[PDB]
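This report concerns only the one structure given below.
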Amino acid sequence: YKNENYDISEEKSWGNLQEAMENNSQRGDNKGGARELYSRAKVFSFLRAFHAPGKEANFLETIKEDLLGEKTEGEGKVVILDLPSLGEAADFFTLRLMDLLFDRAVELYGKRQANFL
Amino acid sequence: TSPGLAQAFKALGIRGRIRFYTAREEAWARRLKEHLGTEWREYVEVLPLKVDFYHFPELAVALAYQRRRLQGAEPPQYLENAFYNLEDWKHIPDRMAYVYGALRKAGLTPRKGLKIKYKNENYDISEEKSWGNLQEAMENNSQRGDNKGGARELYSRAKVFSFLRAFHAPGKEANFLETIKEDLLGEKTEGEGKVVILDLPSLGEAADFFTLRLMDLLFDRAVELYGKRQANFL
Amino acid sequence: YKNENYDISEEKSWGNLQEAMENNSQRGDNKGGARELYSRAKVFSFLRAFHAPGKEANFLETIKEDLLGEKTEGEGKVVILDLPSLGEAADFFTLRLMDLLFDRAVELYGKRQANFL
């Protein structure tokens, strides 16, 4: 932020970040997308269920590497997803995973086949 | 046991009428030799579908501008500016350095001896040491406002050209789109027939882009010939 | 442009006009319709087929004068259009032509009749 390096993992540095972020721009001029997101931040509360702090995991990428990876070519990997454990976000994740897999398969076209069901 | 057009033409004695475009020339040449014999070059002509993107940077920007765009279509602003104003940049060697640098940063292998004119010193992209010196010089200038945006955005966000590695062949200067137009509607290739067969699967994910662009090119030329001669192709 | 007069026909004056346009436009402040059109000029490239320098270069006005001109009242002039020569731009032109003619037919109501097929 600006030119200072705050550590949001710490309570005091996060408080300093919040104070510097809110107090400086006390003019209400050009409340763009980012500022209004910060104002309406409460819309992100439901993500606390399927969130784990810090793994660079992105299980969608893991599934993509399992089914269409370079070093996982062949090997016939069977992927089973426990959709009911995802609650109300199952449809979104299913659609995004399907789109990602289809785009990867299209990119691989001309070299090798996707070969999965 | 069902023959193709190349084998049908050989039986009928029709020579020099098939032009085969593919990105797998070696694979098809071996197959052609074992079916049409040693003299297979008298019936089929094999031509490459790969293009040197350094020679035609306008094809590189067009391919990236019309990519997958997962679900919500979000054409980035920096690609849109480069897509519309690339021809203007060609008259300015300073801006064209960022375009060539963006291609080299993505991983596109250039031809040997290729040189650019960044600032006032001639650098060698094909040489690894000189490529490093050019890369550092592009950060020394990029320390103030300068010309942020336009060409500089392409160099910074040069990962959009990563997928072009499959379609790039250094030192080609072919432009098969213009070659096919001359084959079918060329002034000197008047009549006399010409069968053009395109190996679409070898073009991967760019087959849809090149097929639509080729048909637009051919249809516009056919309109220009109206009142003079007919297109006469299927 | 501004207050200086140029000659876009001449190469050097056109270059001076370009220098005037892009030299002072290094602000990016509220890009409007005109500047956005200038930045996207290639959209007009397909018009190169139908363009012809001159002043009385408008076949629509000539056809309007032929079919509804006061000088050509009566006459019975037969107008035939070679539509295929207009390529992919025929439809538009045709529509426009009709609308133009129709407007004049409304403007002459009470004075005379259009009288054409």
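Residue names in the structure tokens use chain letters A, B, ... in the order shown, residue numbers from 1 in each chain, and ligand numbers from 1 in the order shown.
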
All Cα atoms, paired in order, least squares: that's the fit I need for chain C onto chain A, output as a PDB file with C-alpha atoms, in the first residue's frame.
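As a result, superposed-v9.pdb now contains:
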ATOM      1  CA  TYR C   1      -0.033   0.034   0.150  1.00  0.00           C
ATOM      2  CA  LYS C   2       1.244   3.507  -0.755  1.00  0.00           C
ATOM      3  CA  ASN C   3       4.960   2.873  -0.267  1.00  0.00           C
ATOM      4  CA  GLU C   4       5.031   1.459   3.288  1.00  0.00           C
ATOM      5  CA  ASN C   5       5.200  -2.301   3.858  1.00  0.00           C
ATOM      6  CA  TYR C   6       2.930  -3.971   6.428  1.00  0.00           C
ATOM      7  CA  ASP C   7       2.171  -7.485   7.697  1.00  0.00           C
ATOM      8  CA  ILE C   8      -1.570  -8.179   7.615  1.00  0.00           C
ATOM      9  CA  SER C   9      -0.867 -11.431   9.470  1.00  0.00           C
ATOM     10  CA  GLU C  10       0.250  -9.491  12.553  1.00  0.00           C
ATOM     11  CA  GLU C  11      -2.492  -7.677  14.455  1.00  0.00           C
ATOM     12  CA  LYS C  12      -0.694  -4.371  15.062  1.00  0.00           C
ATOM     13  CA  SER C  13       0.534  -4.096  11.469  1.00  0.00           C
ATOM     14  CA  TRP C  14      -2.991  -4.853  10.231  1.00  0.00           C
ATOM     15  CA  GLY C  15      -4.301  -2.082  12.478  1.00  0.00           C
ATOM     16  CA  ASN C  16      -1.668   0.280  11.089  1.00  0.00           C
ATOM     17  CA  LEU C  17      -2.757  -0.677   7.566  1.00  0.00           C
ATOM     18  CA  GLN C  18      -6.376   0.091   8.467  1.00  0.00           C
ATOM     19  CA  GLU C  19      -5.292   3.436   9.922  1.00  0.00           C
ATOM     20  CA  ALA C  20      -3.430   4.242   6.703  1.00  0.00           C
ATOM     21  CA  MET C  21      -6.412   3.215   4.565  1.00  0.00           C
ATOM     22  CA  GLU C  22      -9.173   5.090   6.408  1.00  0.00           C
ATOM     23  CA  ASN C  23      -7.159   8.093   7.642  1.00  0.00           C
ATOM     24  CA  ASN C  24      -6.410   9.483   4.168  1.00  0.00           C
ATOM     25  CA  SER C  25      -9.709   8.349   2.586  1.00  0.00           C
ATOM     26  CA  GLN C  26     -11.805  11.167   4.092  1.00  0.00           C
ATOM     27  CA  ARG C  27     -12.583  12.660   0.680  1.00  0.00           C
ATOM     28  CA  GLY C  28     -15.135  10.438  -1.071  1.00  0.00           C
ATOM     29  CA  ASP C  29     -13.805  11.406  -4.509  1.00  0.00           C
ATOM     30  CA  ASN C  30     -14.917   8.992  -7.256  1.00  0.00           C
ATOM     31  CA  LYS C  31     -15.319   5.785  -5.253  1.00  0.00           C
ATOM     32  CA  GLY C  32     -14.071   3.061  -7.591  1.00  0.00           C
ATOM     33  CA  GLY C  33     -14.217  -0.705  -7.562  1.00  0.00           C
ATOM     34  CA  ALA C  34     -11.491  -1.310  -4.982  1.00  0.00           C
ATOM     35  CA  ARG C  35     -12.753   1.128  -2.343  1.00  0.00           C
ATOM     36  CA  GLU C  36     -16.339  -0.057  -2.846  1.00  0.00           C
ATOM     37  CA  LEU C  37     -15.196  -3.662  -2.369  1.00  0.00           C
ATOM     38  CA  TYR C  38     -13.358  -2.662   0.804  1.00  0.00           C
ATOM     39  CA  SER C  39     -16.461  -0.894   2.136  1.00  0.00           C
ATOM     40  CA  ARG C  40     -18.502  -4.079   1.463  1.00  0.00           C
ATOM     41  CA  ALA C  41     -16.076  -6.753   2.648  1.00  0.00           C
ATOM     42  CA  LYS C  42     -18.692  -8.867   4.451  1.00  0.00           C
ATOM     43  CA  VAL C  43     -19.891 -10.181   1.071  1.00  0.00           C
ATOM     44  CA  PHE C  44     -16.842 -12.478   1.243  1.00  0.00           C
ATOM     45  CA  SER C  45     -17.801 -13.914   4.650  1.00  0.00           C
ATOM     46  CA  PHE C  46     -19.343 -17.083   3.196  1.00  0.00           C
ATOM     47  CA  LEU C  47     -15.913 -17.922   1.746  1.00  0.00           C
ATOM     48  CA  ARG C  48     -14.673 -18.751   5.264  1.00  0.00           C
ATOM     49  CA  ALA C  49     -15.706 -22.399   4.813  1.00  0.00           C
ATOM     50  CA  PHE C  50     -13.520 -23.131   1.765  1.00  0.00           C
ATOM     51  CA  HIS C  51     -10.410 -21.142   2.739  1.00  0.00           C
ATOM     52  CA  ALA C  52      -7.118 -22.712   3.822  1.00  0.00           C
ATOM     53  CA  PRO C  53      -3.785 -20.895   4.295  1.00  0.00           C
ATOM     54  CA  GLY C  54      -0.912 -22.038   2.121  1.00  0.00           C
ATOM     55  CA  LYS C  55       0.469 -21.648  -1.378  1.00  0.00           C
ATOM     56  CA  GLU C  56      -0.389 -24.853  -3.276  1.00  0.00           C
ATOM     57  CA  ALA C  57      -4.034 -24.667  -2.194  1.00  0.00           C
ATOM     58  CA  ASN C  58      -5.980 -25.158  -5.424  1.00  0.00           C
ATOM     59  CA  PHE C  59      -7.672 -28.510  -6.004  1.00  0.00           C
ATOM     60  CA  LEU C  60      -8.643 -27.421  -9.525  1.00  0.00           C
ATOM     61  CA  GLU C  61      -4.990 -27.219 -10.578  1.00  0.00           C
ATOM     62  CA  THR C  62      -4.264 -30.545  -8.869  1.00  0.00           C
ATOM     63  CA  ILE C  63      -7.109 -32.222 -10.773  1.00  0.00           C
ATOM     64  CA  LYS C  64      -5.889 -30.629 -14.009  1.00  0.00           C
ATOM     65  CA  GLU C  65      -2.409 -32.027 -13.356  1.00  0.00           C
ATOM     66  CA  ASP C  66      -3.888 -35.444 -12.543  1.00  0.00           C
ATOM     67  CA  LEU C  67      -6.005 -35.693 -15.696  1.00  0.00           C
ATOM     68  CA  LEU C  68      -3.900 -33.800 -18.264  1.00  0.00           C
ATOM     69  CA  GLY C  69      -0.421 -33.413 -16.769  1.00  0.00           C
ATOM     70  CA  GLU C  70       2.616 -34.256 -18.863  1.00  0.00           C
ATOM     71  CA  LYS C  71       4.116 -36.274 -16.001  1.00  0.00           C
ATOM     72  CA  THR C  72       0.890 -38.296 -15.670  1.00  0.00           C
ATOM     73  CA  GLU C  73       0.536 -39.094 -19.382  1.00  0.00           C
ATOM     74  CA  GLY C  74      -1.180 -42.464 -19.565  1.00  0.00           C
ATOM     75  CA  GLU C  75      -1.675 -43.676 -15.983  1.00  0.00           C
ATOM     76  CA  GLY C  76      -5.471 -43.606 -16.130  1.00  0.00           C
ATOM     77  CA  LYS C  77      -6.195 -41.744 -12.905  1.00  0.00           C
ATOM     78  CA  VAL C  78      -9.752 -41.951 -11.564  1.00  0.00           C
ATOM     79  CA  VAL C  79     -10.882 -38.703  -9.917  1.00  0.00           C
ATOM     80  CA  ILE C  80     -13.968 -38.645  -7.674  1.00  0.00           C
ATOM     81  CA  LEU C  81     -15.348 -35.452  -6.118  1.00  0.00           C
ATOM     82  CA  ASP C  82     -17.315 -35.340  -2.854  1.00  0.00           C
ATOM     83  CA  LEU C  83     -19.684 -32.679  -4.145  1.00  0.00           C
ATOM     84  CA  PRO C  84     -22.133 -32.492  -1.169  1.00  0.00           C
ATOM     85  CA  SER C  85     -19.283 -31.416   1.128  1.00  0.00           C
ATOM     86  CA  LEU C  86     -19.092 -28.208  -0.941  1.00  0.00           C
ATOM     87  CA  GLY C  87     -22.564 -27.218   0.255  1.00  0.00           C
ATOM     88  CA  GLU C  88     -24.118 -24.519  -1.902  1.00  0.00           C
ATOM     89  CA  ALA C  89     -20.840 -23.735  -3.705  1.00  0.00           C
ATOM     90  CA  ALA C  90     -20.589 -27.035  -5.599  1.00  0.00           C
ATOM     91  CA  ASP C  91     -22.282 -25.947  -8.842  1.00  0.00           C
ATOM     92  CA  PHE C  92     -19.959 -23.000  -9.506  1.00  0.00           C
ATOM     93  CA  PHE C  93     -16.859 -25.048  -8.739  1.00  0.00           C
ATOM     94  CA  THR C  94     -18.017 -27.912 -10.941  1.00  0.00           C
ATOM     95  CA  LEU C  95     -18.652 -25.579 -13.864  1.00  0.00           C
ATOM     96  CA  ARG C  96     -15.314 -23.846 -13.394  1.00  0.00           C
ATOM     97  CA  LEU C  97     -13.477 -27.157 -13.189  1.00  0.00           C
ATOM     98  CA  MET C  98     -14.984 -28.371 -16.445  1.00  0.00           C
ATOM     99  CA  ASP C  99     -14.121 -25.154 -18.255  1.00  0.00           C
ATOM    100  CA  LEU C 100     -10.552 -25.290 -16.973  1.00  0.00           C
ATOM    101  CA  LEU C 101     -10.130 -28.876 -18.132  1.00  0.00           C
ATOM    102  CA  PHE C 102     -11.682 -28.124 -21.510  1.00  0.00           C
ATOM    103  CA  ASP C 103      -9.221 -25.296 -22.087  1.00  0.00           C
ATOM    104  CA  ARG C 104      -6.253 -27.591 -21.537  1.00  0.00           C
ATOM    105  CA  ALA C 105      -7.840 -30.126 -23.882  1.00  0.00           C
ATOM    106  CA  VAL C 106      -7.835 -27.441 -26.574  1.00  0.00           C
ATOM    107  CA  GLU C 107      -4.250 -26.456 -25.751  1.00  0.00           C
ATOM    108  CA  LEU C 108      -2.954 -30.016 -26.225  1.00  0.00           C
ATOM    109  CA  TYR C 109      -4.699 -30.539 -29.578  1.00  0.00           C
ATOM    110  CA  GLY C 110      -2.168 -31.652 -32.172  1.00  0.00           C
ATOM    111  CA  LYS C 111       0.219 -32.974 -29.505  1.00  0.00           C
ATOM    112  CA  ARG C 112      -1.915 -35.676 -27.854  1.00  0.00           C
ATOM    113  CA  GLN C 113      -5.478 -36.376 -26.703  1.00  0.00           C
ATOM    114  CA  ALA C 114      -7.220 -35.733 -23.391  1.00  0.00           C
ATOM    115  CA  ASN C 115      -8.396 -39.361 -23.058  1.00  0.00           C
ATOM    116  CA  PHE C 116     -10.805 -39.283 -20.134  1.00  0.00           C
ATOM    117  CA  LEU C 117     -14.482 -39.880 -19.382  1.00  0.00           C
TER     118      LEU C 117
END

Hey, what does DSSP flag as helix (DSSP H, G or I) within region 6-82 of chain A? Can you give it to me as a PyMOL selection string?
chain A and resi 11-24+33-39+41-48+59-68

Take the residues from that selection and write them out as a PDB file, in the first residue's frame, keeping C-alpha atoms.
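Output contents, as saved in out-v3.pdb:
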ATOM      1  CA  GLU A  11      -2.798  -7.605  14.596  1.00  0.00           C
ATOM      2  CA  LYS A  12      -0.834  -4.382  15.114  1.00  0.00           C
ATOM      3  CA  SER A  13       0.459  -4.103  11.543  1.00  0.00           C
ATOM      4  CA  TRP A  14      -3.016  -4.912  10.204  1.00  0.00           C
ATOM      5  CA  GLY A  15      -4.470  -2.164  12.390  1.00  0.00           C
ATOM      6  CA  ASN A  16      -1.844   0.273  11.124  1.00  0.00           C
ATOM      7  CA  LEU A  17      -2.722  -0.732   7.556  1.00  0.00           C
ATOM      8  CA  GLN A  18      -6.425  -0.156   8.218  1.00  0.00           C
ATOM      9  CA  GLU A  19      -5.767   3.238   9.819  1.00  0.00           C
ATOM     10  CA  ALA A  20      -3.517   4.365   6.959  1.00  0.00           C
ATOM     11  CA  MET A  21      -5.999   3.070   4.370  1.00  0.00           C
ATOM     12  CA  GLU A  22      -9.125   4.671   5.839  1.00  0.00           C
ATOM     13  CA  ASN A  23      -7.864   7.975   7.267  1.00  0.00           C
ATOM     14  CA  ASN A  24      -5.849   9.284   4.304  1.00  0.00           C
ATOM     15  CA  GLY A  33     -14.212  -0.679  -7.619  1.00  0.00           C
ATOM     16  CA  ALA A  34     -11.500  -1.430  -5.061  1.00  0.00           C
ATOM     17  CA  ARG A  35     -12.673   1.144  -2.509  1.00  0.00           C
ATOM     18  CA  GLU A  36     -16.297   0.012  -2.761  1.00  0.00           C
ATOM     19  CA  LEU A  37     -15.188  -3.616  -2.426  1.00  0.00           C
ATOM     20  CA  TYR A  38     -13.376  -2.606   0.756  1.00  0.00           C
ATOM     21  CA  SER A  39     -16.579  -0.912   1.926  1.00  0.00           C
ATOM     22  CA  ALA A  41     -16.098  -6.540   2.294  1.00  0.00           C
ATOM     23  CA  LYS A  42     -18.746  -8.428   4.302  1.00  0.00           C
ATOM     24  CA  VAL A  43     -19.854 -10.216   1.100  1.00  0.00           C
ATOM     25  CA  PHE A  44     -16.811 -12.519   1.388  1.00  0.00           C
ATOM     26  CA  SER A  45     -17.766 -14.070   4.741  1.00  0.00           C
ATOM     27  CA  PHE A  46     -19.192 -17.302   3.293  1.00  0.00           C
ATOM     28  CA  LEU A  47     -15.768 -18.258   1.881  1.00  0.00           C
ATOM     29  CA  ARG A  48     -14.459 -19.126   5.365  1.00  0.00           C
ATOM     30  CA  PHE A  59      -7.248 -28.145  -5.911  1.00  0.00           C
ATOM     31  CA  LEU A  60      -8.590 -27.357  -9.392  1.00  0.00           C
ATOM     32  CA  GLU A  61      -4.987 -27.099 -10.601  1.00  0.00           C
ATOM     33  CA  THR A  62      -4.186 -30.386  -8.849  1.00  0.00           C
ATOM     34  CA  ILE A  63      -7.070 -32.099 -10.665  1.00  0.00           C
ATOM     35  CA  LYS A  64      -5.968 -30.549 -13.964  1.00  0.00           C
ATOM     36  CA  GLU A  65      -2.427 -31.858 -13.470  1.00  0.00           C
ATOM     37  CA  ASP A  66      -3.790 -35.274 -12.462  1.00  0.00           C
ATOM     38  CA  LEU A  67      -5.944 -35.635 -15.577  1.00  0.00           C
ATOM     39  CA  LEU A  68      -3.874 -33.777 -18.204  1.00  0.00           C
TER      40      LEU A  68
END

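Each of B:103, B:151, B:23, B:222 was checked against chain A using only C-alpha atoms; the smallest atom-to-atom distance is that of B:23.
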
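Within 12 Å of chain C, chain B contributes the residues residues 80, 81, 82, 83, 84, 85, 86, 87, 88, 145, 146, 147, 148, 149, 150, 216, 219, 220, 221, 222, 223, 224, 225, 226, 227 and 228 of chain B, using only C-alpha atoms.
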
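If you look at CA of residue 180 (chain B) and CA of residue 198 (chain B), they are 10.1 Å away from each other.
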
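Computed from the coordinates, the CA of residue 171 (chain B) to CA of residue 107 (chain B) distance equals 15.4 Å.
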
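One distance worth recording is that between CA of residue 128 (chain B) and CA of residue 158 (chain B), which is 18.3 Å.
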
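Comparing B:132, B:204, B:4, B:113 by their smallest distance to residue 18 (chain B), the closest is B:4 (using only C-alpha atoms).
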
Using only C-alpha atoms, determine which residues lie at most 12 Å from region 90-101 of chain B, disregarding the query and same-chain residues fewer than 5 positions distant; provide the list as a PyMOL selection string.
chain B and resi 53-58+60-61+79+82-83+85+106-110+114-126+131-139+141-142+146-159+161

Can you write just those residues out, C-alpha atoms, as a PDB file, in the first residue's frame?
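The resulting selection22.pdb:
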ATOM      1  CA  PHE B  53       6.122 -14.465 -36.074  1.00  0.00           C
ATOM      2  CA  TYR B  54       9.056 -12.033 -36.099  1.00  0.00           C
ATOM      3  CA  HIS B  55       8.387 -11.446 -39.802  1.00  0.00           C
ATOM      4  CA  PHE B  56       4.613 -11.117 -39.219  1.00  0.00           C
ATOM      5  CA  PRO B  57       4.020  -9.685 -35.728  1.00  0.00           C
ATOM      6  CA  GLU B  58       0.497  -8.691 -36.808  1.00  0.00           C
ATOM      7  CA  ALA B  60       0.879 -12.864 -33.340  1.00  0.00           C
ATOM      8  CA  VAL B  61      -1.248 -10.061 -31.881  1.00  0.00           C
ATOM      9  CA  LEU B  79      -3.870  -6.150 -26.338  1.00  0.00           C
ATOM     10  CA  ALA B  82      -1.575  -3.104 -29.761  1.00  0.00           C
ATOM     11  CA  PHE B  83      -4.087  -4.834 -32.048  1.00  0.00           C
ATOM     12  CA  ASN B  85      -2.063   0.460 -33.596  1.00  0.00           C
ATOM     13  CA  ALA B 106       7.692 -15.439 -24.202  1.00  0.00           C
ATOM     14  CA  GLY B 107      10.184 -17.967 -25.563  1.00  0.00           C
ATOM     15  CA  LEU B 108       9.885 -17.688 -29.336  1.00  0.00           C
ATOM     16  CA  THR B 109      13.227 -18.700 -30.830  1.00  0.00           C
ATOM     17  CA  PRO B 110      14.471 -16.082 -33.331  1.00  0.00           C
ATOM     18  CA  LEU B 114      18.408 -10.938 -36.045  1.00  0.00           C
ATOM     19  CA  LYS B 115      19.158  -7.385 -34.900  1.00  0.00           C
ATOM     20  CA  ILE B 116      17.088  -4.539 -33.458  1.00  0.00           C
ATOM     21  CA  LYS B 117      17.767  -0.828 -32.953  1.00  0.00           C
ATOM     22  CA  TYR B 118      16.770  -0.086 -29.361  1.00  0.00           C
ATOM     23  CA  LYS B 119      17.740   3.491 -28.466  1.00  0.00           C
ATOM     24  CA  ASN B 120      20.811   4.112 -30.639  1.00  0.00           C
ATOM     25  CA  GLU B 121      22.718   0.815 -30.247  1.00  0.00           C
ATOM     26  CA  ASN B 122      22.193  -2.247 -32.444  1.00  0.00           C
ATOM     27  CA  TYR B 123      21.630  -5.354 -30.314  1.00  0.00           C
ATOM     28  CA  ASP B 124      21.481  -9.049 -31.222  1.00  0.00           C
ATOM     29  CA  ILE B 125      18.434 -10.884 -29.876  1.00  0.00           C
ATOM     30  CA  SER B 126      19.605 -14.257 -31.218  1.00  0.00           C
ATOM     31  CA  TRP B 131      19.836 -10.367 -25.235  1.00  0.00           C
ATOM     32  CA  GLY B 132      20.717  -9.849 -21.575  1.00  0.00           C
ATOM     33  CA  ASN B 133      22.136  -6.386 -22.251  1.00  0.00           C
ATOM     34  CA  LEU B 134      18.967  -5.400 -24.121  1.00  0.00           C
ATOM     35  CA  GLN B 135      16.832  -6.672 -21.234  1.00  0.00           C
ATOM     36  CA  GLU B 136      18.708  -4.511 -18.717  1.00  0.00           C
ATOM     37  CA  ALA B 137      18.549  -1.459 -20.994  1.00  0.00           C
ATOM     38  CA  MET B 138      14.758  -1.829 -21.169  1.00  0.00           C
ATOM     39  CA  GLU B 139      14.625  -1.384 -17.379  1.00  0.00           C
ATOM     40  CA  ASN B 141      14.655   3.592 -19.417  1.00  0.00           C
ATOM     41  CA  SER B 142      11.609   2.180 -17.586  1.00  0.00           C
ATOM     42  CA  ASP B 146       8.341   7.809 -20.365  1.00  0.00           C
ATOM     43  CA  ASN B 147       5.663   6.133 -22.505  1.00  0.00           C
ATOM     44  CA  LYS B 148       3.937   3.828 -20.017  1.00  0.00           C
ATOM     45  CA  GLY B 149       1.297   1.856 -21.872  1.00  0.00           C
ATOM     46  CA  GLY B 150       1.139   0.757 -25.476  1.00  0.00           C
ATOM     47  CA  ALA B 151       4.376  -1.011 -26.373  1.00  0.00           C
ATOM     48  CA  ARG B 152       5.636  -1.176 -22.777  1.00  0.00           C
ATOM     49  CA  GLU B 153       2.523  -3.074 -21.664  1.00  0.00           C
ATOM     50  CA  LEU B 154       3.239  -5.812 -24.214  1.00  0.00           C
ATOM     51  CA  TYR B 155       6.810  -6.257 -22.968  1.00  0.00           C
ATOM     52  CA  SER B 156       5.734  -6.414 -19.318  1.00  0.00           C
ATOM     53  CA  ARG B 157       2.791  -8.753 -19.995  1.00  0.00           C
ATOM     54  CA  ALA B 158       4.625 -10.925 -22.517  1.00  0.00           C
ATOM     55  CA  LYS B 159       3.269 -14.221 -21.142  1.00  0.00           C
ATOM     56  CA  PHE B 161       2.425 -15.116 -26.348  1.00  0.00           C
TER      57      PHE B 161
END
